[PDB]
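The chain that follows stands alone, in the form deposited without the ligand, written as structure tokens.
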């Protein structure tokens, strides 16, 4: 398809493919990280984990294993028919233990889905998205220098959302959040 091909070529012209794996030491104790570190599920209740300082205690979040301090990066996430998910990037210095709202002001740039059909950007206030075809696979695109975080339907190349250009402070991490206990996992596409 021409739109698929143009999407493939744009990613190659401009963005380094990140090979993102989930860091289980950061995962909220209700999350399960797969042994291959590409997939995420949710437990029925908090499991017994050591509360190391990096772990998200409150928000159902996990980070990637590598951060970005510069340049243009993308990765793709198989959200499949999940009813609920949010993905994007967050600053190294985000609050991990106490509650904070997951907003750019607090160092989170994420978009996703609630209740099967409600797409939102987690701006403050939240941005209601209108998405013609529900994505099965989402591309996350970072340009550190221009402060750009944008999201695409990775199967048809359609744009989902771009946050206002911002100024990042410190390293950015891929972040993933699931609130629900449902059959479809969240899975990272390898580079």
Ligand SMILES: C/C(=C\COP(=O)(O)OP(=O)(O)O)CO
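Numbering follows the first chain given and starts at 1.
One more form of this protein should be noted, the form deposited with the ligand bound, which is absent from this view; the next part is about it.
Of the candidate stretches 144-152, 159-167, 65-73, 122-130, only 122-130 has residues whose heavy atoms lie within 4.5 Å of the ligand in the entry with it bound.
The ligand is not drawn, but in the entry with it bound it has no heavy atom within 4.5 Å of residue 55. In the entry with it bound, the ligand sits beyond 4.5 Å of every heavy atom of residue 14.
Taking non-hydrogen atoms only, residue 181 never approaches the ligand to within 4.5 angstroms in the entry with it bound. At a distance threshold of 4.5 angstroms between non-hydrogen atoms, residue 59 is in contact with the ligand in the entry with it bound.
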